[PDB]
**Student:** 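Here you go, one structure.
Both ligands and their constituent atoms are indexed starting at 1 by order of listing. The sequence lines fix the lettering, A, B, ..., with proteins before strands; numbering per chain opens at 1. FYI, side chains are in, hydrogens and waters are out, and symmetry mates aren't considered; it's all heavy atoms of this structure.
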Amino acid sequence: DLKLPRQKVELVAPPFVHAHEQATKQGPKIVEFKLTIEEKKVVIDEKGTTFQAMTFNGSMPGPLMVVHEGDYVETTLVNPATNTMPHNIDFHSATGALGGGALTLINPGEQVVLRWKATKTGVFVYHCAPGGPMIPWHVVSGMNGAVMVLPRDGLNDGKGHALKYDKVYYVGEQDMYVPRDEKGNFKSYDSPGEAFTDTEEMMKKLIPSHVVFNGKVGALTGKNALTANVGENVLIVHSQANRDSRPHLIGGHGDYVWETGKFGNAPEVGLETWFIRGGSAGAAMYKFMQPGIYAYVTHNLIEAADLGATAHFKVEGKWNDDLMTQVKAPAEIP
Amino acid sequence: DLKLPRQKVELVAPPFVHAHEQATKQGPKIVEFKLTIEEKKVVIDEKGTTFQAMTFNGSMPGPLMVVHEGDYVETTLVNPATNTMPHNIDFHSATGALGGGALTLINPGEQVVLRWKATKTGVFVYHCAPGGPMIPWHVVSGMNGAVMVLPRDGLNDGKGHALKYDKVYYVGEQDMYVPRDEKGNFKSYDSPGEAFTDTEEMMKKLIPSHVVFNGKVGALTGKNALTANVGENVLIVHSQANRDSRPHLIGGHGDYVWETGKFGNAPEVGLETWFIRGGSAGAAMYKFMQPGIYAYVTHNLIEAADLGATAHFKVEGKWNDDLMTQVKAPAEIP
Amino acid sequence: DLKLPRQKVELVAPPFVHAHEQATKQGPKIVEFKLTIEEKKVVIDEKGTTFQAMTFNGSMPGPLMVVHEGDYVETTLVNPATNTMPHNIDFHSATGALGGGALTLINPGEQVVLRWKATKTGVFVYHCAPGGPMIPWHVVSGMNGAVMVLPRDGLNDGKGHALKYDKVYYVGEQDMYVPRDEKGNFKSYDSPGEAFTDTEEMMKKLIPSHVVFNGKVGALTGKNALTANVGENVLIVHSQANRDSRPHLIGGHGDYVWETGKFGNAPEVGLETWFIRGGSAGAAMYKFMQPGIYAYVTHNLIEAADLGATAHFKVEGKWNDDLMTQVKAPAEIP
Ligand SMILES: OC[C@H]1O[C@@](CO)(O[C@H]2O[C@H](CO)[C@@H](O)[C@H](O)[C@H]2O)[C@@H](O)[C@@H]1O
Ligand SMILES: OC[C@H]1O[C@@](CO)(O[C@H]2O[C@H](CO)[C@@H](O)[C@H](O)[C@H]2O)[C@@H](O)[C@@H]1O
Ligand SMILES: OC[C@H]1O[C@@](CO)(O[C@H]2O[C@H](CO)[C@@H](O)[C@H](O)[C@H]2O)[C@@H](O)[C@@H]1O
Ligand SMILES: [Cu+2]
Ligand SMILES: [Cu+2]
Ligand SMILES: [Cu+2]
Ligand SMILES: [Cu+2]
Ligand SMILES: [Cu+2]
Ligand SMILES: [Cu+2]
């Protein structure tokens, strides 16, 4: 007999986040979301390597869901008949039934509706988990995203001061396991089922072939670079459902970071690089001080430069010579 | 001339913990423990793979030792003549002599008695360390456990409030390196000595064949699942003497977590997944809110599902529909 | 028009650190440093394995630079014509232009002068980053070091009390990727360019052949052991520009640790093992209580004992039997 107001959310594809309030005068609501599973072959690199992806809402990562502490999150999970496998959903933000996984197993052609109370604040992973060896395989195939549960008074610095972001981006990092043939080329497969045996053999060796942001090498570069202006406070939510990551903003800092991702704890200040434990999401806020190109990377630089894990920010504004200056340009040695 | 009262402890096999007080009105005591080394071939998986184990007290992990700050811990380490190698013990809780290792090297047929003052609170690893390349080999063969040093006033939340657990479990995670033959089957050996060359070659490649809790795949499942009731506050001590781990309670949380494991620091609150640095123990407390099956995993899901690192909790009590409910069971899509 | 006093620093090779004040009554200064790049073939192990190194100032790690909050750091980077490749420098302590990398790219025969304002306190990595796949390759070839930015009032414990160290050491950990030939011996190369193809293939597999402190197996052992006396408070700065590490002082503790390395955050107390995220530096302070040999390791014990990552401390002073004692020496079992 839960008679609270209902609110529908129109999810948007990462790295963007659906519109939301930080601090709110709204009381608890039932917030309604819909996720539709899509299994699909996608291209993950600039060489044309293909991958058997499985996704929530067609994206890797799945979209970021944003609610406030004490809301009830009501998700309709849909598994169309065009898919081949059973799927479910496990929210790390939720309490009971394996995070919802034990209540959401659906075959192709079915849907289910789960409600959970958002009793814990922070950013949290959600992922598919349809039992046994299928659990890692569905997650590393792309079936993961995140939810953010905000305090109703918004974020704070642990010393009584509000922290308000001007914009938020969600960076979902994906470790992928694409097998190679005898001569050393990546293999292509006709279905997720056909990719399973070779993929699992590689998975158990624990070394990914690719580590990407937003589903593909270079996804968050060029036309699709992240953007900001000097003076803007940007929140970057970072998740990794299976493997550790160490985010770093090249040329910047984490001014306020929740590396374990949970807003009941004060943020740490002034970090160079932070650590996202596999199976979690974290968040870092930075106020841009300088214009120009920044790279956002995992600071295993082999992964960042060679395996795919680099995003860019393009930042507009005025250069600050007090903070940094080229005193003397490259010249011949005296 | 140390004339304090003596107290003997009867150690018990993991995941259980010998009986102890949290807050105590006892003053410092000399607490007496005995560990007897056993080298033994064991089965580590449901396929019948064997492993040359080396253990404290016949178990992997070694038993949890519990004392209070300011106690003196007096350990009799015994290396029976039925063993083949020298062994020792290094306590991360202890100060000096390589943690005791430099004072406890014993050949088969010898015993030694070490006393150390428990000046640092928290959970800490202990492990064998008999010099050079033998150090990693004895540890990854199973020669590690943990000790817990409690404040005399018990645990607190860093904000002045007591945190009392209703029960404690010790989960020791073991990375194992079992070599394979040409056709790809795991190899069996007649002695630890015979397993050494092949095992060391694999170890140096840094990828385990198995990652297990309590010594074997499935050790903490079925009849041997962990248990709780709705409303019980459970402390889970987690150690990993060689390699990082990222614990996660599927369907729950870490309500209070000391991921670096040291009680001089306030716990973090409301975590989804925490991080145990290789060479350390950590502790997490959770009050169960929902009945049913939970899985406790490292959230590298490949390790958890495919390499062995999953435990279960079976929890009794009343389902809470406010926290989670299946609004609509699986049905055909409209 | 920046008219502050100038101060030159004479850098010294790691693990030592150039002389500096902790708390200072000096105001902001322009502190002047010079780094000269050297590409050179070096021996990294006791078997005589060679490696194509690239370094700042001829050392791995590069020297520790020490300044105070609000200083301006003016670095002359020199790339002599005896080198073969372009190089640059990226300071994680700096704000803008990819940490300075976008302003410091120099060919063999050129130098550049960069100034940045030290607005963030802590220890921070610096490394070369000359674009694309070259970034990881130059870093894992040895082109990284660290800078320490002290509060002007020196270090504190977060509870109002000064923490003053008696001496500081800088331990730079390097993951190295040396390829093997068919029969399994490590390969030697005539130039960094010639080592590139084989080295990159190995790098992308993410498993190092060697993990060393101060450039070589055994660098910080024997005549070159670290030293202290009972009663001395020693700060150990640890960096790792590419890969995670888990420092541990065998027989000691981290009395005060900033594992994310940033002095705006209070240190954690009483750690056994701490965690240095790849792409960062951290710092730990310990007051020695016992004489004798200590080992300082990463507590992946395979890396420590088998791949090269062990340093020693030799500590003078009086043994404390209250803290630890051998109650009974090794004797035959009754
Ligand atoms: O040329 C035959 C020879 O090649 C190997 C690979 O070294 O196997 C290749 O050819 C087989 C027969 O065509 C294929 O089945 C196999 O997939 C392919 O690798 C050898 O095993 C074989 O003797
Ligand atoms: O059949 C001989 C042929 O097999 C190889 C493996 O490819 O070696 C196998 O046989 C050897 C002789 O019986 C064994 O010593 C060895 O352990 C086994 O792998 C080849 O090396 C050999 O030419
Ligand atoms: O002995 C020839 C035989 O050896 C292999 C390695 O198994 O190749 C070796 O010899 C080649 C010719 O000398 C070299 O080019 C190569 O580098 C070396 O590995 C086989 O490929 C070849 O059939
Ligand atoms: Cu799925
Ligand atoms: Cu999960
Ligand atoms: Cu041993
Ligand atoms: Cu140890
Ligand atoms: Cu360089
Ligand atoms: Cu960097």
**Student:** Restricting to side-chain contact (heavy atoms from CB on, under 4.5 Å), what partner residues turn up for C/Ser245, sequence neighbours left out?
**Tutor:**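 Counting only residues at least two positions away or on another chain, C/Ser245 forms a side-chain contact (heavy atoms from CB on, under 4.5 Å) with C/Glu173, C/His238, C/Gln240, C/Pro247, C/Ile276, C/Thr298.
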
**Student:** Any chance NZ of B/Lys328 has more than 12 other-residue heavy atoms, nucleotides or ligands included, within less than 6.0 Å?
**Tutor:**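 Counting neighbours around NZ of B/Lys328, 12 or fewer heavy atoms of other residues, nucleotides or ligands fall under 6.0 Å, so no.
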
**Student:** What does the angle at the Cu ion (ligand 9) come to, between atom NE2 of C/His127 and atom NE2 of C/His92, rounded to 10°?
**Tutor:**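 Output for this angle: 110°, rounded to tens.
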
**Student:** Would you say the side-chain atoms of C/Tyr170 and C/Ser239 include a donor-acceptor pair closer than 3.5 Å?
**Tutor:**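 Yes, because at least one side-chain N or O of C/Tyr170 sits under 3.5 Å from a partner of the opposite role on C/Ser239.
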
**Student:** Any side-chain heavy atom of A/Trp137 sitting closer than 4.5 Å to one from A/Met85?
**Tutor:**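 The answer is yes, as the side chains (C-beta and beyond) meet within the 4.5 Å cut-off.
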
**Student:** For the Cu ion (ligand 8), which protein N/O/S atoms fall under 2.8 Å? Skip waters.
**Tutor:**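 The answer is C/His87 ND1, C/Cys128 SG, C/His138 ND1, C/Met143 SD.
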
**Student:** Could you list all the side chain to side chain donor-acceptor pair (under 3.5 Å) pairs where at least one residue sits in residues 98-107 of chain C, not counting sequence neighbours?
**Tutor:**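 Not a single pair qualifies under side chain to side chain donor-acceptor pair (under 3.5 Å).
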
**Student:** Can you list every side chain to side chain donor-acceptor pair (under 3.5 Å) pair that touches residues 54-64 of chain A, not counting sequence neighbours?
**Tutor:**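 Listed by first then second residue: nothing to list.
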
